[PDB]
Structures are given as structure tokens and as C-alpha cells.
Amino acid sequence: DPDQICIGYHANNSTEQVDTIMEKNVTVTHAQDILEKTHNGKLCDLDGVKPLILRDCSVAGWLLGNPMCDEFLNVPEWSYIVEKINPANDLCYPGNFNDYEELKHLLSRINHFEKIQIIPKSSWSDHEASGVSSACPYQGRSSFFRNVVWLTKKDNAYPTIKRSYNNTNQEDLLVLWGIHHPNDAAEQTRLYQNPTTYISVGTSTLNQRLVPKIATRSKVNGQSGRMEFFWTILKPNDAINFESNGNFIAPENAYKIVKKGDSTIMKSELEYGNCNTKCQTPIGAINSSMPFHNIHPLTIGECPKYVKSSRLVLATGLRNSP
């Protein structure tokens, strides 16, 4: 009956809920989700730059030039690299890659190689520079790694090798080489005349002297021999010196490091998605203005911060009354 004025506040049809310390599922008038929970399930270009998808090849298989990896003989620049968990085409001829994980850590800071020739096959006058094996088949015929040469005796002789390469490029240079470990003394002399051999390698910082280990080993890819590979970064104006009297898997090609920057090696079974993104993960790409996400901890690009939360929602409005 008499006039009156009341003080009150907003309510609405909202069912959005938030949490506090003392209370859960508190309905509010307005809330803001700050957690991205979805991804496109694809490996995309990172800001217009396509990744390097190795498919069934490994970083080793790529860099040494396994004939199955001929696809990647001169790859264009990349944003990131995607390798499968257990790629089929690794070292076709069995054996290890020395300091492999430290090499892969270097790839994380590299976006583009430019492969060049540093020791041509034609310069091996006194040795046969055409060794092949059925462990590395290329179209049924026996073959070998493209970027290194298997030197063997010529005319029942293996004279001491003494070769230098001087890095007259402006860029750092990834050099790879190897040693062959045979089965027995028979195969040792049959391939390289000399029974007791060595390989010495020297740069300004490297001082190596490898000796082959002749031993009987379980067949891998139908081979009891092993090949152990090595690598180094050759600085501009420095030179690498090889000396050997047998078992030397010599370099043919090396890689100029022409572009450095942010990169990473993702392990993923996924294939190329034909999309573009600003943020990429191993299980998919993220397009989101949210400040947080929970997709995957390993990401590359302009990304939200990762949390393990299933839900992050901020109250912005009032407690909503029924």
C-alpha cells in the first residue's frame, strides 16, 4: 500500500557451475571457461611451413641415405620433424649410430639442411668405391647408403688412405662416416687386404682412432657384420682428416646447416593432415584463444599453457538463485 524501494541483484536462467574451496557445483549467473579441451587430430603446417614427415624412415636412415628413404634425399626446410615410434627403415645394414641422441638434440635447433658432395666417388683411384649389400636392397638389386661409400680393396691391395676436406663454406657442416665390423679374419682380408686395420679421424677438436671388432654375431637383416657410424660438426675454415688402411665407410655427402631456429622431433603415428595451425601437438593441432589447455604437454608454436586439469572455470557473475 505505501510506497517502497528495494535493493536486489541479478538472476537468470544460467546453469553454469563453478567451484570454490568450501563449496562445489555453485551455480552462477556468468562464468568463463579458460581451458581448451579439443584438438583437430591432425599434423598441420606450422604457420605456413610444412613439417618433415619421415613416414617409415628414421633420422638415421634419412641422414645416411638408406635407399628406402630416397624420398628425403634433399628435403625442403621444415617447421618440425615427425618420426614414428619404431620406423621400419633405419640402418638397413645393421649396427649402431654413435651419439645418436645427441645428434637428434641438434636437429631440434635446425630447420634446413643443404646436402653437398665433399668426397666424390671418382677420387677413389686405388680402392673400389662401389661396395653394396643385400641388407640394403633398392628394387631387388643389392645397394647401400647413398651418402657414404663402402671402400674395398682393388687389385688385392688396400693402400693407406689419407684424405682431407676443408670446410670452405660459410655454414657449419654435418659430416658422417663409419667403420665396418666383419665376422672373421677371412672376410677381413677378402674385403680389405690388410688383416690389422684402423681408421683415424681428426678435426681441430676431434681426435679419434677406431679399430674394427671382428666377432661372430647374431644375424640381423641377414648379416653378422655390423656397421658403426659417427658424426661431427665441421666449423667453417676447419678441416677433417681421414686416415685408414681398411674397414672405412667414407663420406660422400655432408649437410650444410643453412637455417637454425625452433624445431622439435615429435614421435607420432599420425600422417600429414593438409591443414595449417599456430600450435601443434603429437596427437593434433590446437586453434584456441583459451589461456590453458590439457591436450598434450609437448607442443610447438604459439600455444596455450598446458595443465593436467579436466576443468578450469572462473566465476565472473553472482551466485544464481533458484
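Start at 1 and count along the sequence shown; that's the residue number.
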Which wins on mean Cα temperature factor, 156-164 or 104-112?
156-164
As stated in the PDB record, which stretch has the larger average Cα B-factor, 270-278 or 254-262?
270-278
Based on the PDB record, which member of 232, 98, 218, 117 exhibits the highest Cα temperature factor?
218
Taking the Cα B-factors listed in the entry, which of 147, 247, 79, 133 comes out highest?
133
Would you mind checking where the Cα B-factor of residue 312 ranks among the modelled residues of its chain, as the lowest, middle or highest third?
lowest
Sorting the chain's modelled residues by C-alpha B-factor, tell me whether residue 284 ends up in the lowest, middle or highest third.
middle
Give the position of residue 40 by CA B-factor within its chain, expressed as the lowest, middle or highest third.
highest
B-factor third for the C-alpha atom of residue 300 within its chain:
lowest
Taking the values exactly as deposited, rank residue 93 by C-alpha B-factor within its chain and report the matching third: lowest, middle or highest.
highest
